[PDB]
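K.L.:
these chains are from a complex, not moved at all, and more is on the way:
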Amino acid sequence: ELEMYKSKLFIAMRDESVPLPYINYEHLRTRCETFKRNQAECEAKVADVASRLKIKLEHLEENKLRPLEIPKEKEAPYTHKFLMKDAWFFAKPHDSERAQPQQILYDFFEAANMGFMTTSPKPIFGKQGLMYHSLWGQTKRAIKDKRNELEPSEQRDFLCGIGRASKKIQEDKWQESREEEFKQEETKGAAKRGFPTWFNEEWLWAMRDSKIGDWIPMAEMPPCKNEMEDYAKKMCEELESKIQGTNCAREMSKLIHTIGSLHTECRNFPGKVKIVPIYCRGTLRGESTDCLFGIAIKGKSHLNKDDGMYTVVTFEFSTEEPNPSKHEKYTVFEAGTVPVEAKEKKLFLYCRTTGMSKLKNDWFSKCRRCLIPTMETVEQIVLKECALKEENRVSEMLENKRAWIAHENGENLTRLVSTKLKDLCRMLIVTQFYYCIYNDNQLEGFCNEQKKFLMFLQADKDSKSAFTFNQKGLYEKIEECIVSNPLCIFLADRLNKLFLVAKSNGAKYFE
Amino acid sequence: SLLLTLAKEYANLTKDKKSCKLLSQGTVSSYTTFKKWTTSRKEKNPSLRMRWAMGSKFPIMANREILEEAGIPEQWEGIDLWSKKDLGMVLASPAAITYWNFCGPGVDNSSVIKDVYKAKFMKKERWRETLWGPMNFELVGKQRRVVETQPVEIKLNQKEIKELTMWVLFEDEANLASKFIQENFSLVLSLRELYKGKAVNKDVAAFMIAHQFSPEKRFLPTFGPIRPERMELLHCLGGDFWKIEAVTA
């Protein structure tokens, strides 16, 4: 029972892996069974203290919390897959029988007149004009014949990649040649950009109310007892009355319908290029209507693994003049004229080739789950308030309480805009939506390090005299993950402006 | 007459050549590691493959001879319910599930269903007959305890329950005789007068016995009184910043 199998190779293996002042495991076991400590331990400890050269860094005397180094280079372009602020939609009443996306596409082919959708073969700017012209004409006569399958021509054989793949040769035959096909490997990394200036107008536009009403497909309310449930119900209803009308709701409905449709087309038909509309659904004057924002084209996705990055060709509808700084990756054509009643303004068609993935389809398509973290946060605020006053003051607290946001541009020192608390969730849902779009490695590392600086600012608010051991390597770690993400550079700039506003009262920062 | 059927099955499976090297070569416990041969890695996206499954036309594996007894090949307007592609098992659509749920035959089995799930209908009966009141809006919080959370009247400790289901259902290979038997063997005399003649399967019977005898003790944050009856009311009575309780009875 108390006998382990004493083998031959293991007893030669255990005696080989002993520390260096020991010969065998027997001598080490007899020394460890007969061990008594001494007071030469403190001599080695202080002998480790003396050869250290390490000092702590205070903040009340050497407040070197400098602002971060935003790169002074070329401006980061607009890299979202669709258009947020420059969108234009055609509307029609929704038919219940005609509900599949191809039937919506056909009913908008007779509804939105594509016969007036004439494009010149010379674009305003971009890279490739003739391929997008022949591709747009081919998909326009493809929708005209009421079938969504592009016949193989050189335009689709050039845009969605067919045959553009390397020949993966295994190491069984290589047929070596003297100084011919000299092969090796090389990596580069990521390119660095600068501060985007277009992000403020899309933030302030994204939380602005749009008259089309409900956008997001929520569900019904369960029945309520005489419990706290009414309270929860009340909160939901009030928060719902803020988030159904905003433009972030329109973008979320756009990603859900459009990307869900592309997702089902990626399951049902690999190896065949389909034509998928880019649309929404919302209530206009009570009438349930659907919109149409663009035309998307699949790229014969054979999704073997969770990756794969298939090619989507996007034709978008816009009614504003383009910009070679913001709209850098587009291939802006001109489409025509649209009568807009308050006279008949222009119409610009945009073009962009891009890619999706199978792992970024479930997190984009199922992005209706951004109302947990905003409702989660707001209810944390209200429950802290009623936890601090011990009285049912919630309905008057959501009206008589301010929240400081949105300092102006010319000045920042103590010039802040206090809003109502029920409006605040608007801004909150905006940032959660952006956390789904611009999620990279850089946003993750930047959010860890900004949690560190939030801990430093909380140490500043209560005068606790915090300290740090190494400030050089800290800023060598934060500035490493600020390269090309627009949200990371933007939130770094707003972290610096948070340090500028907080510098006027607490003293741990710079100008 | 079941032993002749088991003799035909056991004589049937020893006819195979390479299967004789499987049995009588392993151990009795190896049946456990004969149960799991899941060659898939993790099934890392279940809802994703489920939404990809429900998007097709015929995702479901359904039996043929039961559905052809009463079902119809196609519905009143083009709704497909049947296939002829393949054991004799036929693929089908969930419109046949809702069509079975609205235009199918019915067998009265309310007593069996209302006797298997007595613990959960006891939870509904205890939930419907309570009364609440106003909230408090105060700071609350307490450490984590190990609480039995079910209003049982027997209170066994997860050791006489497996042994109890051995010495009630099938006693031919139950257990070595311990000293925990005697009064629980009077309880065996009570239980064999109940589970003798039923249409309930022995796995469903062993399921439904273990939910009336086992107080589920978990490691949960509790506060106030530690009565078990308000332990399914744990998440409803109070959180971290709020508390609501006015239960009289």
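P.N.:
In hand now; what should we look at? Residues are numbered from 1 along each chain as shown, chains lettered A, B, ... in the order given.
K.L.:
now residue A:450: how far from residue A:502?
P.N.:
When distance is defined by Cβ to Cβ, to the nearest Å, residue A:450 is 14 Å away from residue A:502. Yep, even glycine has a C-beta here, placed from its N, CA and C like the rest.
K.L.:
gap between the residue positioned nearest the centre of chain B and residue B:155?
P.N.:
The structure's chain B has its C-alpha centroid closest to residue B:207; by Cα atoms, centre = their mean the separation is 6.3 Å. Distance check for residue B:207 against residue B:155: by Cβ to Cβ, it reads 19 Å.
K.L.:
and residue A:445, by the same measure?
P.N.:
Residue A:445 is 52 Å from residue B:155, where distance means Cβ to Cβ.
K.L.:
those two: which has the busier surroundings?
P.N.:
residue A:445 (16 against 12; other Cβ atoms under 10 Å in any protein chain shown).
K.L.:
which residue packs closest to the more buried one, ignoring adjacent ones?
P.N.:
For residue A:445, ignoring the flanking residues on the chain, the nearest one in space by Cβ to Cβ, 6 or more residues apart in numbering or on different chains is residue A:481 at 3.8 Å.
K.L.:
now residue A:69
P.N.:
Leaving aside its sequence neighbours, residue A:69 is closest to residue A:479 (5.3 Å, by Cβ to Cβ, 6+ apart).
K.L.:
how close does the one you found get to residue A:66?
P.N.:
The value you get for residue A:479 to residue A:66, if Cβ to Cβ is used, is 11 Å.
K.L.:
likewise residue A:363?
P.N.:
From residue A:363 over to residue A:66 the distance is 36 Å, taken as Cβ to Cβ.
K.L.:
add chain C to what we have:
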Amino acid sequence: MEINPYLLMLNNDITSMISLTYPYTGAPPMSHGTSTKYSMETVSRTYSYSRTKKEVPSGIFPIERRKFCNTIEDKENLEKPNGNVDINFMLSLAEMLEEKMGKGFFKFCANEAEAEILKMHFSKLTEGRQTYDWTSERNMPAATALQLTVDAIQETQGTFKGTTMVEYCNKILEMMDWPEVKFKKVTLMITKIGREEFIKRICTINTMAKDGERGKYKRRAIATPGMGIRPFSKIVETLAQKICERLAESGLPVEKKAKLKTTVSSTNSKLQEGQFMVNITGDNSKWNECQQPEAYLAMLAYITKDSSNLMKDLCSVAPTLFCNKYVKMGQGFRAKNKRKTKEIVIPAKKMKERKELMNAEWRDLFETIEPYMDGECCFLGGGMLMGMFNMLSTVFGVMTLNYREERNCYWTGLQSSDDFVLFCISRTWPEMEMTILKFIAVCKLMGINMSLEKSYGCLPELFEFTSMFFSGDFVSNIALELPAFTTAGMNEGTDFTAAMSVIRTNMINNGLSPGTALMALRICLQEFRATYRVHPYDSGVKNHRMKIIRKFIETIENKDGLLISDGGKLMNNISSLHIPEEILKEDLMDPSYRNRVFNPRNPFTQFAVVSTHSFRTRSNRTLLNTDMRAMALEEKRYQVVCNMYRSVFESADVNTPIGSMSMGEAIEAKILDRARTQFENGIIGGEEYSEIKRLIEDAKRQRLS
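P.N.:
The block that follows adds chain C to the chains above:
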């Protein structure tokens, strides 16, 4: 007008405005391509931290061996992390540790551990994560790799009759003595392998890339061991599990909130007239490259000094398997021409021959790892990778936090896997520099490197421990994963109730305020409805399943008793998250509807909630066209034999079927036993008993031949 979302923190705390700074909502980062450079960085970074060149030649392995203990070359850069442990220093900390609580501490904890070793069956090894199967050299679940290991034992020499932990471990140590091991390759041929290659194969640990880790810019390689290391690691994790459960300055098993209240409340009552306390949040960097298993061999040689003779040699094997472990180096790299047209694949085997086709960083990492390379693997002897001893290094943290130097200035705190919170009590600030540099001194001597970039401190409680930012009075919660709400995906009945179970368990453990629960419940309701194409009857949805429901709604009398999966409304709430939908709705259903849905004669379910919508989706199509079709035949045969053993023992899934003779012999003796018991009080007929007896005897002669 500019806009700043951070300004709420001007008049709030970090306990409410901290869930705003988590990007736990978007897509996680995945890895792409090979994971060879991460393994080269981990192994070469491990050898760079060894601080020595003392190499010892080996007689078993054909590669050199570098020592990691008591061989230091003291560089001037001591702030750089070291990987060298002084064994007399840490044994002095162990003797100083056991003199704090009790006298027979290690004897009591070791007798509890050995009290739980001898009552353990090895099927607990099948209740684990993925392991490395060396038969086909892949990543498999634990039952499949264990079954291929036992298949190699019963195929090589004799059979297996162990059914315990200790006899299976002695079976593996018996396999180390075998001169030749025979197994099966792929169409199931039988191959053989020698003795030293079996030693090279039993200690092989597979490395891959960690997918889905929120919070890093650079990726990291995670490691999965084989099967012959896992039960010994289970032994060591039970011993260190009982040690961590017995101690009072650790937080691994979990309450993690009461202990900090007792040490902040208790150590603030130990102050003099001029002393004060400063707490420091730290974060130990390079934790998986500075914990050598030789110190585990020394301390695990010290704990079991008076335990037994079986435990004294049984808790001194997994460090010896960790002192000589191999590392799978991924699958190589790829090369291409100047035109970027043809791209050859170079595996990890021929990386030595194709050495001159690499980059600058690949050759810099490869020339520092070259005298330790095997053909496919690498020889690591001082690392402790992820997926290994976790409850044992926390004991080293408690050994650092219980140092006694003899003023009255000292420290305490709390330890986790790589997160410590340290409370310092002293009188002046240069004395604070003395005590903190003594803490970095004792951690630096013992082998624990604090990161100087991710550490800070304050005077009151404003510290950080396992992503719960504790302020002066309030407590922030763990930002939970949003994908865990919908991960069932198996049935029209086990999705909504499973999601209500996830909302309940996230409500009890975490905070999860009620409006968040109702919002997440309603969103998971909408994703259920959109997933299974079932909408309410008053809606205007017209698909292939709502035409039947809209057509046949006139037969149903009570309309709010229909299920959610059949076009009903919502009746569950926050106060009904423990009651399923069917059991809540059966008090209002029509009798034709309730007798129609719950009919067990259904073509879908026939062949924890009520099984009435339980269908099985169809299988794939490429599972019977590849070269692994015969493995699906093998699991078919396994399910046939398991259906036979289920058909013999009518109650077998309730109790664990222990036994060590055979399966078919208990079948035959069982049919004879119930044939006699049901014979004498029962049957009575000559042709039936003689026919069953004839089939048992003919099946026994067929099985024996």
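K.L.:
so is the closest residue to chain A within chain C in a helix, a strand, or just coil?
P.N.:
Chain C approaches chain A most closely through residue C:26 (3.0 Å), counting by Cβ to the nearest Cβ. When classified by DSSP: H, G, I helix; E, B strand; the rest coil, residue C:26 comes out as coil.
K.L.:
quick one, phi/psi of it?
P.N.:
Backbone torsions for residue C:26, taken as degrees, to the nearest 10, come to phi -100, psi -170.
K.L.:
one step back: dump the residue contacts of the residue nearest to the centre of chain B.
P.N.:
Contacts for residue B:207 were tallied using Cβ atoms under 8 Å, 6 or more residues apart in numbering or on different chains; they are residue B:116.
K.L.:
which of the helices or strands spans it?
P.N.:
Under DSSP states H and E, the secondary-structure element containing residue B:207 is helix B:202-209.
K.L.:
equivalent analysis for residue B:196, please.
P.N.:
Element membership of residue B:196, judged by DSSP H and E, is empty: it is in no helix or strand.
K.L.:
for it, give its distance to chain A.
P.N.:
Applying Cβ to the nearest Cβ, to the nearest Å, one obtains 43 Å for the distance of residue B:196 from chain A.
K.L.:
and that residue, how many neighbours does it have?
P.N.:
Each residue near residue B:196 was counted by other Cβ under 10 Å, and the total is 7.
K.L.:
the one 10 residues further on now?
P.N.:
Burial of residue B:206, expressed as a neighbour count using other Cβ under 10 Å, amounts to 23.
K.L.:
just give me the neighbour total for residue A:96.
P.N.:
10.
K.L.:
wait, a strand at it?
P.N.:
No. Assessed with three-state DSSP, residue A:96 is coil; it does not lie in a strand.
K.L.:
now for RNA strand D:
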RNA sequence: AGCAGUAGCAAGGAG
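P.N.:
Next up, RNA strand D placed on what we already have:
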């Protein structure tokens, strides 16, 4: 081209 970031995908085979 494009997605993407420390390396892959963007059908396969033959010359």
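K.L.:
state the next helix or strand along the chain beyond the helix holding residue B:207.
P.N.:
Counting by DSSP H and E, the element after helix B:202-209 in chain order, helix or strand, is strand B:217-221.
K.L.:
CA atoms only for the helix or strand that comes right after that next one - export them in CSV, please.
P.N.:
Next in sequence after strand B:217-221, counting helices and strands by DSSP H and E, comes helix B:234-237. Backbone C-alpha positions of helix B:234-237 (Å, rounded to 0.1, in the frame of the first residue of the first chain) are rendered in CSV as follows:
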residue,chain,number,x,y,z
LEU,B,234,-32.5,35.4,-2.3
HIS,B,235,-32.0,37.3,-5.6
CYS,B,236,-35.4,39.0,-5.4
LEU,B,237,-35.4,40.2,-1.8
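K.L.:
what comes into contact with helix B:234-237?
P.N.:
Residues from elsewhere that reach helix B:234-237 (Cβ under 8 Å, 6+ apart): A:227, B:149, B:220, B:222, B:224, B:230, B:243-245, C:504, C:507-508, C:574-575, C:577.
K.L.:
shouldn't residue A:20 be within a strand?
P.N.:
No. Read with three-state DSSP, residue A:20 is coil and lies in no strand.
K.L.:
go ahead and confirm it touches residue C:70.
P.N.:
Yes. If you go by Cβ atoms under 8 Å, residue A:20 and residue C:70 touch, sitting 5.1 Å apart.
K.L.:
I figured residue C:570 hits residue C:564, correct?
P.N.:
Yes. Using Cβ under 8 Å, residue C:570 is in contact with residue C:564, at 6.8 Å.
K.L.:
okay, and the common contacts of those two?
P.N.:
Common contacts of residue C:570 and residue C:564, defined by Cβ under 8 Å, 6+ apart, comprise residue C:525.
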